[PDB]
J.: 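Structure below; questions to follow.
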Amino acid sequence: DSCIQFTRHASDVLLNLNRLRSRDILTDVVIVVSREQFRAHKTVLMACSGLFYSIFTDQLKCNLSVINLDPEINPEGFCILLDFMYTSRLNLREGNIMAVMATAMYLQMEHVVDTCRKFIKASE
Amino acid sequence: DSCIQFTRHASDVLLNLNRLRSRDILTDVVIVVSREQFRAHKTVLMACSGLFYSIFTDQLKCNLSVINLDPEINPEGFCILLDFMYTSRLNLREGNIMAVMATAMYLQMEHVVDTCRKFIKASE
Amino acid sequence: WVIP
Amino acid sequence: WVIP
Ligand SMILES: N#Cc1c(Cl)ncnc1Nc1ccc2c(c1)CC(=O)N2
Ligand SMILES: N#Cc1c(Cl)ncnc1Nc1ccc2c(c1)CC(=O)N2
Ligand SMILES: [Cl-]
Ligand SMILES: [Cl-]
Ligand SMILES: [Cl-]
Ligand SMILES: [Cl-]
């Protein structure tokens with residue numbers, strides 16, 4: 001086609017989706033990770049995670065307002081990945097890398113798994 | 001903070017949101033523009049348009065599944081802007097520029113209004 | 001705005 | 001990945 005493109009558009013959309021999340025506006029699911037709860041938008045979760053994409057395209061699970069993650073999942077690891085989904089920013093630190101990598105593998109977030117593997121390999 | 005950032009993340013999220021729209025997955029509103037209907041995600045509309053941001057933060061309108069636009073709004077102009085919201089790509093042409101600009105003014109999409117004004121000024 |  |  002003969003389209004023009006606004007470079008910052010995708011980043012501006014994501015910033016606004018994060019602002020809606022922070023104000024709990026039109027959030028339609030709560031992700032339960034052991035004792036912790038995280039409110040989010042199903043569409044953002046699906047757009048970022050192979051696991052959520054599978055869950056919310058399921059004819060029964062698409063209608064659930066609560067999703068319980070595997071008890072082995074670390075809430076802080078999930079929190080870091082949820083923030084990444086809404087911001088493109090990953091708070092990767094020596095103290096959380098193992099939990100973040102395990103959570104990203106479970107959530108099927110290949111690019112996060114990739115950088116975790118690379119950061120781990122550099123430290124050995 | 002000491003975060004790392006994945007450059008293509010925002011673009012990949014938007015591509016997936018557009019894929020969900022094309023397959024009518026978790027769309028929660030229909031925008032009626034005279035004889036035409038457009039299914040979309042309320043959160044994407046709010047993230048792109050000052051008018052939809054106002055509408056879906058309203059305590060009554062947030063719950064509506066159908067939104068009827070002003071009868072003066074051109075469906076093709078709306079279609080072009082809806083595609084832009086989900087892709088960052090604007091199909092701006094001599095034959096549609098006036099309709100696109102009027103629709104963007106109504107929808108409160110300042111960056112689109114700006115490029116329409118600039119393209120019009122260059123042709124006079 | 002750019003030519004993509 | 002980059003340093004933002
Ligand atoms: N929403 C949506 C969606 C669609 Cl529509 N099409 C294709 N993938 C989608 N999302 C999704 C699927 C698999 C993975 C990711 C996202 C990140 C990753 O590492 N794996
Ligand atoms: N969703 C959301 C949203 C939030 Cl949370 N905060 C601030 N603006 C939001 N969206 C929005 C408001 C005004 C305009 C646009 C988008 C594009 C434009 O030209 N005007
Ligand atoms: Cl439920
Ligand atoms: Cl990822
Ligand atoms: Cl309704
Ligand atoms: Cl805009």
Side-chain angles (χ1 to χ4, degrees), chain A residues 4-33 37-45 47 52 55-56 58 60-69 83 85-87, chain B residues 10 13-14 17 21 26-33 37-58 60-69 73 77-78 80-90 92 100-109 111-117, chain C residues 1:
Chain A
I4 57 174
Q5 178 186 69
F6 191 67
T7 305
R8 294 293 291 162
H9 181 73
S11 302
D12 286 353
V13 168
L14 197 64
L15 185 73
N16 285 332
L17 294 175
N18 195 35
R19 282 162 170 173
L20 294 179
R21 180 176 65 120
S22 76
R23 292 154 59 191
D24 198 36
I25 298 165
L26 287 174
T27 50
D28 53 3
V29 72
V30 60
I31 307 302
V32 181
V33 192
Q37 292 181 18
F38 300 90
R39 290 205 54 90
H41 299 101
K42 289 172 183 177
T43 55
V44 175
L45 296 180
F52 291 122
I55 294 167
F56 302 123
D58 176 85
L60 283 177
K61 299 188 192 77
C62 66
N63 292 320
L64 294 177
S65 62
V66 179
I67 299 294
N68 301 300
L69 303 193
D83 286 343
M85 291 187 195
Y86 280 86
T87 68
Chain B
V13 168
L14 197 64
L17 294 175
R21 180 176 65 120
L26 287 174
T27 50
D28 53 3
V29 72
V30 60
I31 307 302
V32 181
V33 192
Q37 292 181 18
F38 300 90
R39 290 205 54 90
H41 299 101
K42 289 172 183 177
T43 55
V44 175
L45 296 180
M46 295 167 88
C48 301
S49 156
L51 182 73
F52 291 122
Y53 179 47
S54 182
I55 294 167
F56 302 123
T57 53
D58 176 85
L60 283 177
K61 299 188 192 77
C62 66
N63 292 320
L64 294 177
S65 62
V66 179
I67 299 294
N68 301 300
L69 303 193
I73 302 306
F78 184 77
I80 288 160
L81 293 175
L82 185 62
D83 286 343
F84 168 74
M85 291 187 195
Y86 280 86
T87 68
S88 311
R89 295 167 68 100
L90 187 73
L92 193 59
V100 170
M101 185 171 76
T103 312
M105 287 169 62
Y106 171 74
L107 295 183
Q108 302 165 30
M109 296 172 72
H111 296 304
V112 176
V113 173
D114 183 62
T115 197
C116 284
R117 287 210 174 111
Chain C
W1 294 86

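Chain A is the first sequence line, chain B the second, and so forth, proteins listed ahead of strands; every chain is numbered from 1. All ligand and atom numbering here is 1-based and tracks the order in the structure.
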J.: For B:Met85 and B:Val44, which heavy atoms make the closest approach, and how far apart are they?
T.: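 Looks like O-CG1, 4.4 Å.
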J.: Would you indicate whether the side-chain heavy atoms of A:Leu45 and A:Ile31 approach each other to under 4.5 Å?
T.: yes
J.: Quick check on contacts: which atoms of ligand 2 are under 4.0 angstrom from a heavy atom of B:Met109?
T.: 19 (O)
J.: Between B:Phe52 and B:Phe78, what is the ring plane arrangement, given parallel below 30°, perpendicular above 60°, and tilted in between?
T.: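 Ring orientation, 0 to 90° scale: perpendicular.
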J.: Relative to the heavy atoms of A:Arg19, which atoms of ligand 2 are at a distance of less than 4.0 Å?
T.: 5 (Cl), 6 (N), 7 (C)
J.: Are A:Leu26 and A:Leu20 packed together at the side-chain level, in the sense that at least one heavy-atom pair is separated by less than 4.5 angstrom?
T.: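 They are not in contact (no side-chain heavy atoms under 4.5 Å apart), so the answer is no.
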J.: Does an N or O from B:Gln108, backbone or side chain, lie closer than 3.5 Å to an N or O of ligand 2?
T.: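 Among all N and O atoms of B:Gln108, at least one is under 3.5 Å from an N or O of ligand 2.
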J.: Within a reach of under 6.0 Å around CZ of A:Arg8, are more than 12 heavy atoms found that belong to other residues, nucleotides or ligands?
T.: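 Counting other residues, nucleotides and ligands, CZ of A:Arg8 stays at 12 neighbours or fewer.
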J.: Considering only heavy atoms of A:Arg23, which atoms of ligand 2 have at least one such atom less than 4.0 Å away?
T.: 5 (Cl)
J.: Numbering the atoms of ligand 2 from 1, which are under 4.0 Å from a heavy atom of B:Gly50?
T.: 12 (C), 13 (C), 14 (C), 15 (C), 20 (N)
J.: Would you confirm whether A:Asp28, through its side chain, and A:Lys42, through its main-chain N or O, come within 3.5 Å as a donor-acceptor pair?
T.: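 Looks like yes, one N/O pair under 3.5 Å.
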J.: Would one find an N or O of B:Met46, backbone or side chain, under 3.5 Å from an N or O of ligand 2?
T.: yes
J.: Looking at ligand 2, does B:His111 have a heavy atom less than 4.0 Å from it?
T.: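 No.
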J.: Which of the numbered atoms in ligand 2 are below 4.0 angstrom from a heavy atom of B:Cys48?
T.: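 Reading through ligand 2 atom by atom, the close ones are 16 (C), 17 (C).
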